[PDB]
Peer 1: 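Encoded as structure tokens, here's the structure I'll be asking about.
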Amino acid sequence: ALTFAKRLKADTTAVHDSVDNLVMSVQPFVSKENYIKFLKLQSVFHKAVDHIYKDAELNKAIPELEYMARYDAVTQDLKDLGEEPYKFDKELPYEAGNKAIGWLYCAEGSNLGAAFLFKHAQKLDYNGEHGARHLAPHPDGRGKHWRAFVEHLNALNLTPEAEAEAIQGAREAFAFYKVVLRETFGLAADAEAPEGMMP
Ligand code: HEM
């Protein structure tokens, strides 16, 4: 690639697309019941990275990182749908160090690419003020907000060795997402979208 952020993307695009395909395959927008299952999935993942967004060390290198967390937004979307806060059945990952940087990339990048999901949530009359608060674009714009974030990520100046761990972290974050999705939508372990499906 060329930069840390670009290597992260390059090394995780295949798994990202597998997530895209799996999410769409379980029909998150076919019914209120399924959208709620989607929100529970989102709730678990965002709870899992909450401690990373609030990490003292990372907030010193990335100013205002603590305010980027979307866990509260997802929980409010659950409230809008008449659901109480959702709590994962199993123990939640609590990553740290370089691997935690990979999870942060995964979670924040999902904010950049949430435009598609937000459009379809809108079809159900769910918007940034009701039901899809966690999918709404950052006030500064998805792209502008992301580019600023990417600068900070690259500015961590992680060594090639550290990058490897972070990238592995990002891969594990996506992997965890699918594990939670399968449990939430009642799929077998390692279930995937129909083979050959394109994002
Ligand atoms: C059906 C659901 C999804 C679709 C259609 C999708 C689509 C996309 C698209 C088109 C982008 C690029 C946006 C841009 O460059 O402006 C993107 C980026 C990204 N998405 Fe998703 N995504 C989905 C779900 C997720 C999930 C659930 C995660 C992780 C838990 C995720 C993590 C990311 C990351 C990390 C990036 C950043 C890529 C980069 O480095 O440029 N996405 N997504």
Side-chain angles (χ1 to χ4, degrees), residues 1-23 41-75 88 90-118 128 133-181 192 199:
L2 183 55
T3 68
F4 174 41
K6 291 185 178 182
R7 289 190 281 277
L8 274 166
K9 177 173 171 53
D11 294 11
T12 62
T13 294
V15 66
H16 169 278
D17 290 355
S18 79
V19 167
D20 177 336
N21 292 329
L22 185 53
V23 166
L41 160 61
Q42 293 281 261
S43 174
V44 177
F45 187 71
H46 284 88
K47 165 62 182 186
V49 301
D50 200 56
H51 71 291
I52 300 175
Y53 275 98
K54 291 171 182 169
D55 187 280
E57 173 173 49
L58 295 182
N59 272 271
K60 282 297 188 179
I62 305 175
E64 306 290 287
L65 173 67
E66 65 184 306
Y67 299 148
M68 288 185 250
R70 298 151 65 201
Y71 175 48
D72 292 324
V74 184
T75 297
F88 193 43
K90 331 287 182 174
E91 176 177 295
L92 272 192
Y94 196 76
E95 199 55 82
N98 295 312
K99 289 183 68 173
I101 297 175
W103 282 66
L104 179 61
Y105 161 73
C106 183
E108 194 48 39
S110 76
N111 181 36
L112 166 74
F116 182 83
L117 292 173
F118 189 55
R133 305 160 181 270
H134 81 283
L135 296 172
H138 187 285
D140 296 345
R142 295 185 191 281
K144 284 298 183 181
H145 172 63
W146 173 246
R147 297 191 186 75
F149 179 69
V150 174
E151 299 289 55
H152 288 135
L153 284 179
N154 287 158
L156 297 180
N157 291 299
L158 301 178
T159 63
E161 303 67 53
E163 276 190 38
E165 295 196 304
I167 293 174
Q168 178 57 37
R171 282 176 167 155
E172 281 171 35
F174 278 117
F176 177 62
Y177 192 84
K178 294 194 288 181
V179 165
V180 177
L181 183 163
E192 299 277 357

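Residue numbers run from 1 in the order of the sequence given. Values below: every heavy atom of this structure, side chains too, minus hydrogens, waters and symmetry copies.
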Peer 1: Hey, could you give me the CE/OH distance between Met68 and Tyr53, rounded to the nearest 0.5 Å?
Peer 2: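 If we round to the nearest 0.5 Å, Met68:CE and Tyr53:OH are 7.0 Å apart.
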Peer 1: Please work out whether the ring planes of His138 and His145 are parallel, tilted or perpendicular, with thresholds of 30° and 60°.
Peer 2: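 It falls in the parallel class, under 30°.
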Peer 1: To the nearest 0.5 Å, what is the distance between CZ (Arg171) and NZ (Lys99)?
Peer 2: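 If we round to the nearest 0.5 Å, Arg171:CZ and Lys99:NZ are 12.5 Å apart.
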Peer 1: Between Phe176 and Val44, is there a side-chain heavy-atom distance shorter than 4.5 Å?
Peer 2: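 Of all side-chain heavy-atom pairs linking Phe176 with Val44, at least one is under 4.5 Å.
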Peer 1: Is there a side-chain contact between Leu104 and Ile62 in this structure, where contact means two heavy atoms from C-beta onward sitting under 4.5 Å apart?
Peer 2: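 They are in side-chain contact.
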Peer 1: Of the non-hydrogen atoms in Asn59 and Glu64, which two are nearest, and what is the gap between them?
Peer 2: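 Taking every non-hydrogen atom into account, OD1-C, 4.1 Å.
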Peer 1: Check whether any side-chain N or O of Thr12 sits under 3.5 Å from a backbone N or O of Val15 as a donor-acceptor pair, and report yes or no.
Peer 2: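 No, because the side chain of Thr12 does not come within donor-acceptor range (under 3.5 Å) of the backbone of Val15.
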Peer 1: State whether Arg7 and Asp11 are salt-bridged, where the test is any N-O pair (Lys NZ or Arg NE/NH1/NH2 against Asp/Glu carboxylate O) under 4.0 Å.
Peer 2: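 Answer for the salt bridge query: no.
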Peer 1: Among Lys54, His46, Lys47, find the residue that satisfies the side chain to side chain donor-acceptor pair (under 3.5 Å) test when tested with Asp50.
Peer 2: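 Only one option passes, and that is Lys54.
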Peer 1: Would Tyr177 and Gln42 count as a side chain to side chain donor-acceptor pair (under 3.5 Å) here? Give the steps.
Peer 2: CA-CA 9 Å; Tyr177 192 84; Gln42 293 281 261; 2.7 Å; yes
Peer 1: If we only count heavy atoms from C-beta on, is the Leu153 to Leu158 side-chain gap below 4.5 Å?
Peer 2: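 No. Closest side-chain heavy atoms not under 4.5 Å.
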Peer 1: Only one of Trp103, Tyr71, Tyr94 clears ring pair (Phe, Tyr, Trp, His ring centres under 6.0 Å) with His51; which?
Peer 2: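 That would be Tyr94; it is the only one of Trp103, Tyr71, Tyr94 passing the ring pair (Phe, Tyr, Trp, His ring centres under 6.0 Å) with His51.
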Peer 1: Kindly indicate, with the supporting measurements, whether the criterion side chain to side chain contact (heavy atoms under 4.5 Å, CB included) is fulfilled by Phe149 and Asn111.
Peer 2: CA-CA 11 Å; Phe149 179 69; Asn111 181 36; over 6 Å; no
Peer 1: Does the side chain of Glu172 come within less than 4.5 Å of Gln168's, by heavy atoms?
Peer 2: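 Result yes, sub-4.5 Å side-chain heavy-atom pair found.
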Peer 1: Side chains of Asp20 and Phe116: closer than 4.5 Å at any heavy-atom pair?
Peer 2: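 No - every pair of side-chain heavy atoms lies 4.5 Å or more apart.
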Peer 1: Considering all heavy atoms of both residues, which atom of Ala48 and which atom of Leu92 are nearest to each other, and what is their separation?
Peer 2: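 Where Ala48 meets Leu92 most closely, the heavy atoms are N-CD1, 3.9 Å.
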Peer 1: So, taking the atom named CG in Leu156 and the one named CG in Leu58, what distance separates them when rounded to the nearest 0.5 Å?
Peer 2: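 Reported value, rounded in 0.5 Å steps: 7.5 Å.
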Peer 1: Atom CZ of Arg70 and atom CZ of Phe45: how far apart are they, to the nearest 0.5 Å?
Peer 2: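 Separation between the atoms: 9.0 Å.
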Peer 1: In Å, rounded to the nearest 0.5 Å, how long is the span from CD1 of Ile167 to CG of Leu8?
Peer 2: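 One gets 5.0 Å once the value is rounded to the nearest 0.5 Å.
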Peer 1: Which heavy atom of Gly128 sits nearest to which heavy atom of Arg133, and what is that distance?
Peer 2: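 Between these two residues, the closest heavy atoms are O-CG, 3.4 Å.
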Peer 1: For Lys9 and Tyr105, which heavy atoms make the closest approach, and how far apart are they?
Peer 2: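 Scanning both residues, the minimum pair turns out to be CA-OH, 3.3 Å.
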Peer 1: List the atom of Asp55, the atom of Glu57, and the distance in Å for their closest heavy-atom pair.
Peer 2: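 Answer, listing the atom of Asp55 first, then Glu57: OD1-N, 2.9 Å.
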Peer 1: Which pair of non-hydrogen atoms, one from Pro63 and one from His152, has the smallest distance, and what is that distance?
Peer 2: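 Smallest heavy-atom distance, with atoms named: CD-NE2, 3.5 Å.
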Peer 1: Any non-hydrogen side-chain atom of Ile101 less than 4.5 Å from a side-chain atom of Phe4?
Peer 2: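 They are in side-chain contact.
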Peer 1: Kindly compute the distance separating CG (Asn21) from NE2 (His16), expressed to the nearest 0.5 Å.
Peer 2: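 Interatomic distance, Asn21 CG to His16 NE2, rounded to 0.5 Å: 10.0 Å.
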Peer 1: Hey, does the side chain of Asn98 reach the backbone of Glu165 with a donor-acceptor pair shorter than 3.5 angstrom?
Peer 2: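 No.
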